[PDB]
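Colleague: Dropping the structure in here first, questions after.
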Amino acid sequence: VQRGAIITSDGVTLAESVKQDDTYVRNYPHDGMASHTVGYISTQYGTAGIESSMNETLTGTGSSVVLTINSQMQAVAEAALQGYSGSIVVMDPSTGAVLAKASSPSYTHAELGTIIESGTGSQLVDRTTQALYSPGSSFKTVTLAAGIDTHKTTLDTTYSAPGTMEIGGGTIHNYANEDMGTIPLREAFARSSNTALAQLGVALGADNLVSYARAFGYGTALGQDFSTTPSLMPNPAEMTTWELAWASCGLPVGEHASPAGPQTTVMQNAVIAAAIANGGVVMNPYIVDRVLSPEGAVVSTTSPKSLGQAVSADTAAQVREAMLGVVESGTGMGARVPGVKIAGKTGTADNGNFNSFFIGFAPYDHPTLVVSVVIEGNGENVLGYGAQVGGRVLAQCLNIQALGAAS
Ligand SMILES: *C(=O)[C@@H](NC(C)=O)[C@@H]1NC(C(=O)O)=C(C)CS1
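Letter by letter, the sequence shown follows residues 526 to 547, 549 to 586, 606 to 895, 898 to 954 in the UniProt record's numbering.
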């Protein structure tokens, strides 16, 4: 039996079964592309990805699986990650379709054995979906959305944003102790003030922060047809005030029975950006576009499915505005690309090294794409790199999407 193929939405075959003049052997053209997603199926080396999760379909002549992944956007994501540990998701904000999904370091089917026998390093980890990180200031997107949706603040409400501040028996600091004095929220957000945003976190309370995070998908195993490990938040009744403050800045510091939080996946970060870009409506991401019978009939198709409306459309619009300012004039100016209006939120989070995040969307006025990035600084300094990569990848992916839409 000839096992079914795995194919991108734009028609590039990534897994196929080739008849020998003698039986069938599994072939991965573009071996190395989208490995964590395609996966594999070996007696010796085990089982992963779509080869595993769609096995009954690929097996039974098998039917073929067409992914949502766009081979061109995927290649772009992959090139952006040459030389780093980290990952990138690109997603259609109105459907939850995953147009690219890249983790680094990665691997080819040809190296698998050697990778596994050696058992050293982390190439098999999918940092889009199976690695949990402190989102840092990227999470303030949520804090802001919730503050606005609950009518606790506005973008023009003023906050004192000093270098340092005492909250709930402990201190909160802006990066490098910068005292920005009294500024409006839109600006504190854009400049990514921890002391400003902490106060809004406190104004919200734990129940609000946690419940809005859950509404964007925390606690849910995101993916209709792929595995994401859930993003974590604490039991709100267990959180201290101080912990609430830092949590709202994207820093998990709780000492309690329930998990510290937030801890996010990059996938979870995309879903937040998507929902904000999609008028507050949260979409459960997916990666299988359709299934082809052995004779090519399109036998099923995955439908987009909402996980709820996390904030009002009004709130979503205010959050988009605030994210525009991040990129036009704030921490995320390295995401700027000439000719396209890009909005987003940056993040940086901590033995000496740290990680750089970015979530964004474009075009500002009628978003059709979303990006989520983490670049792990593994001793190296990668401040502002999340934003660099994100912008660049978004713009490239937009060009590809726009050619595809008119073709
Ligand atoms: C949250 O990520 C904050 N970082 C630290 C070290 O506290 C803010 N991060 C950012 C950012 O947007 O990445 C900057 C540059 C200011 S501090």
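Ideal Cβ placement from N, Cα and C applies to all residues, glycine included.
Alpha helix (DSSP H) containing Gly931: first to last residue?
Modeller: Taken as a continuous stretch (DSSP letters only), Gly931 belongs to no alpha helix (DSSP H), as it is neither H nor E.
Colleague: Got a sec? Which residues, its chain only, sit under 8 angstroms from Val843 by beta carbon, not counting five neighbours each side?
Modeller: These residues qualify, in order along the chain: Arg835, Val836, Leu837.
Colleague: Helix or strand or just coil, what does DSSP make of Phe904?
Modeller: DSSP places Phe904 in strand when its eight states are reduced to three.
Colleague: Below 8 angstroms, can you find three or more Cβ-Cβ pairs linking the stretch 809-817 to the stretch 741-756?
Modeller: In short, these stretches do not touch, since the Cβ pair count stays below three.
Colleague: So does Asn739 have its beta carbon nearer than 7 angstroms to some heavy atom of ligand 1?
Modeller: True, at least one ligand heavy atom lies under 7 angstroms from that Cβ.
Colleague: Within 7 angstroms: the Cβ of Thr686 and any heavy atom of ligand 1?
Modeller: Not so, every heavy atom of ligand 1 lies at least 7 angstroms from the Cβ.
Colleague: For the beta strand (DSSP E) that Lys890 lies in, which residues bound it at each end?
Modeller: Where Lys890 is concerned, the enclosing beta strand (DSSP E) stretches over 888-894.
Colleague: Answer yes or no: the CB of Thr716 versus the heavy atoms of ligand 1, is any distance below 7 angstroms?
Modeller: No, ligand 1 has no heavy atom inside 7 angstroms of this Cβ.
Colleague: Is the stretch 695-703 close to the stretch 711-722, with three or more CB pairs under 8 angstroms?
Modeller: At 8 angstroms Cβ cutoff, the stretches do not touch.
Colleague: Would you mind listing the alpha helix (DSSP H) stretches within the stretch 715-783 that are 4+ residues and don't spill past its ends, in chain order?
Modeller: For the stretch 715-783, whole alpha helix (DSSP H) runs of length 4 or above, ordered along the chain, are 730-736, 739-761.
Colleague: Please name the residue, chosen from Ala949, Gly681, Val940, that lies closest to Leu626 on a Cα-to-Cα basis.
Modeller: Among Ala949, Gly681, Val940, the Cα nearest to that of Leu626 belongs to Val940.
Colleague: Suppose contacts are defined by Cβ-Cβ distances below 8 angstroms. Is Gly726 in contact with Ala706 by that definition?
Modeller: Going by C-beta atoms, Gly726 is nearer than 8 angstroms to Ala706.
Colleague: Can you name, in chain order, every residue of its own chain whose Cβ lies under 6 angstroms from the Cβ of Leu677, other than the five neighbours on each side?
Modeller: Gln808, listed in sequence order.
Colleague: Taking 7 angstroms as the cut-off, is the C-beta of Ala706 nearer than that to any heavy atom in ligand 1?
Modeller: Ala706 Cβ: outside cutoff for every heavy atom of ligand 1.
Colleague: Verify the contact flag: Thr809, CB atom, against every heavy atom of ligand 1, threshold strictly below 7 angstroms.
Modeller: Answer for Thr809: no, Cβ out of range of ligand 1.
Colleague: With a threshold of 16 other CB atoms inside 10 Å of the CB of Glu800, please say whether the residue is buried or exposed.
Modeller: The residue in question, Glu800, is exposed, as its Cβ has fewer than 16 Cβ neighbours within 10 Å.
Colleague: Would you check whether ligand 1 has a heavy atom nearer than 7 angstroms to the C-beta of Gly907?
Modeller: Outside the cutoff, so no.
Colleague: Could you give the DSSP three-state label for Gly658: helix, strand or coil?
Modeller: Of the three classes helix, strand and coil, the one that applies to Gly658 here is helix, per DSSP.
Colleague: Excluding sequence positions up to five away, which residues of its chain have a Cβ less than 8 angstroms from the Cβ of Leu945?
Modeller: Within the same chain, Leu945 has close Cβ partners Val885, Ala909, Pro910, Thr915, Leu916.
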